[PDB]
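Next up: just one chain, as structure tokens, the form solved without the ligand.
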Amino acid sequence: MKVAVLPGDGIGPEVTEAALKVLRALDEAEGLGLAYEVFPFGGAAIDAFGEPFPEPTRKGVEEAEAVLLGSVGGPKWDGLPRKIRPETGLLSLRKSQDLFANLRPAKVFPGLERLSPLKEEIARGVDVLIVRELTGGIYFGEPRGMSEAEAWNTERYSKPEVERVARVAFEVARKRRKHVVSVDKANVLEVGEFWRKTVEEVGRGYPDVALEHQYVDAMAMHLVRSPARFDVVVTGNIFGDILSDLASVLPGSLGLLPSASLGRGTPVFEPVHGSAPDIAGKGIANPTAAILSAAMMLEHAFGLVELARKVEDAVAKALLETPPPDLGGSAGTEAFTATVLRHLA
């Protein structure tokens, strides 16, 4: 497996290496034929090359089968022209690979229910994966405009945009508990009915996955009341943006969340947390999200579901055994990784 590693800024290098320590361990034990190369990206790239997504890195991403991304950005590059900012480089990466689906999982690991803002009885067993359409919807729809008297924006979707995001939700579900819930606003909106109609049609080719439809307002209530009853949720851009953020707060810690973006090109896997420059080089940075991103990579980029689950079980145990600082513990980056590896046998 050819992996392009883009450590990035702040704690990026540290947490990314921790994930590689896990990947190399699996490679030794299973002979995955792991081949990777680290390329400059983000702030580190601006300071070295003048741009956040330099040519060699662009080629590297094209050459790879997956991208393991660290953290990007920082105060140091916040005051630069948009065209060359770290954040912009992320946009360029996604666009170059035509990634149209954003996978955003929220899971409450056993024993960590205490960290959830929900009562332990309801937080228990949560393992939902939100699939959000990234390229269309009201965020890009036209017409759009503003005047002194009014403002307008258009929520527009064509059949192919809905079909493609829907297909990844079904493929993702096949690797999980085979249940998808498509979220729309069909009882009021034309696009809502169009969306539902298309997803029901696309579903016909996936007889092994159960399809369910839900209204966005109702889904918001279910995520707080009975979040444990879902598996895969697929929805539009703005709805997915809201629902994934809502689902984010369920585990009670942003540091634990991994994320992925799938599409036509090389898939990208990255931790949801920022670079946290203030603690760069001290150890201490929680590598959970980076390691879990590595697991997402095995599952979605290579289909190694059995292995991804093994890595996931290992970190679950590591969180209880040697909790990192952000979880009221003292286990630094290396200590935590050692425990993960300890359970990967």
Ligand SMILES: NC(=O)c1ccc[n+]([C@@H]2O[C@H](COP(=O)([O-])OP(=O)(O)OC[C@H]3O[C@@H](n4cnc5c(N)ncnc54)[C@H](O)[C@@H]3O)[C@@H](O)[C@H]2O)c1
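Throughout, we count residues from 1 along the sequence that is shown.
The following text describes the form deposited with the ligand bound, which does not appear among the structures shown.
- Relative to the ligand in the bound PDB entry, residues 127, 312 and 342 are all farther than 4.5 Å at every heavy atom.
- You can rule out all but one of 49-57, 291-299, 274-282, 30-38: in the bound PDB entry, only 274-282 has residues with a heavy atom within 4.5 Å of the ligand.
- Taking a 4.5 Å heavy atom cutoff to the ligand in the bound PDB entry, the contact residue among 162, 262, 234, 72 is 72.
- Of the listed positions (220, 228, 254, 115), a single one reaches within 4.5 angstroms of the ligand by any non-hydrogen atom in the bound PDB entry, namely 254.
- The closest non-hydrogen atom of residue 90 lies within 4.5 Å of the ligand in the bound PDB entry.
- Proximity of residue 326 to the ligand in the bound PDB entry falls within the 4.5 Å heavy atom cutoff.
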